[PDB]
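Visitor: Take this structure, written in structure tokens, and hold onto it; I'll ask about it next.
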Amino acid sequence: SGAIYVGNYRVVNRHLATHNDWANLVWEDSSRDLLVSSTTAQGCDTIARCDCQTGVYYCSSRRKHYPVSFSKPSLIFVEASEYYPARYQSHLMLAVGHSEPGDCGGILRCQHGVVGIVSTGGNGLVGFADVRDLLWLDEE
Ligand SMILES: CC(=O)Nc1ccccc1CC(=O)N1CCC[C@H](C(N)=O)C1
Ligand SMILES: [Zn+2]
């Protein structure tokens, strides 16, 4: 589990969105596994606007933050899960790291801010949904 809290937005994995998220929806994209809802309180996270390919992510199944090298956002085939069939997910970045399904929502960050959230996982792989292109998260 986990979310990004920037401005008056809450960014979560679409497959983990709650009823309150759907009832206060701002934007969602199944191809990216992302959903954004509105919040009453202002958040403290800032979004990275950069081209970093190194950063650190939070792994809830180890209670640890790990430094990782990650690929550029791309269209990757992901195997079936209980939330989606086997399909192509867009704006996904892969790294070598520990991951389990409940680790979705953990933040990937660099020196500039938040880069994305854990969305997928393989044997010794972790995939992150990028948010750096979502410029509108910084306003309204
Ligand atoms: C075996 C493993 O590492 N599982 C793992 C770890 C961490 C997170 C997720 C998984 C499995 C996974 O990739 N998916 C299940 C949840 C929805 C994902 C999606 N965005 O399409 C696909
Ligand atoms: Zn950066």
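Counting begins at 1 with the first residue displayed.
Technique stated in the header: X-ray crystallography, 1.2 Å.
Cβ atoms here come from the backbone N, Cα and C positions, even for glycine.
Pasting the feature list from Swiss-Prot:
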- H15: active site, for protease 2A activity (ACT_SITE)
- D33: active site, for protease 2A activity (ACT_SITE)
- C50, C52, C110, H112: Zn(2+) 1 binding site (BINDING)
- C104: active site, for protease 2A activity (ACT_SITE)
Visitor: Inside 8 A of the center formed by the CB atoms of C50, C52, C110, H112, which other residues of the chain have their CB, for the recorded Zn(2+) 1 site?
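Guide: The answer, listed by sequence position, is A48, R49, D51, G55, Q111, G113, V115, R132.
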Visitor: Should we count any of the recorded positions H15, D33, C104, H112 as near ligand 2, judged by a CB under 6 A from one of its atoms, and which?
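Guide: Correct list: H112.
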Visitor: Indicate whether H15 (active site, for protease 2A activity) is helix, strand or coil by DSSP.
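Guide: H15 (active site, for protease 2A activity) sits in a helix per DSSP.
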Visitor: Which Cβ among the recorded positions (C50, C104) has the fewest C-beta neighbours inside 10 Å?
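Guide: Looking at the recorded positions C50, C104, the Cβ with the fewest others within 10 Å is that of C50.
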Visitor: Mind running the recorded positions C50, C52, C104, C110 against ligand 1 and keeping the ones whose CB falls under 6 Å of it?
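Guide: If the test is a Cβ under 6 Å from any atom of ligand 1, the answer is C104.
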Visitor: So which recorded positions are near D33 (active site, for protease 2A activity), with CA atoms within 10 Å, out of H15, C50, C52, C110, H112?
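Guide: Those close enough are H15.
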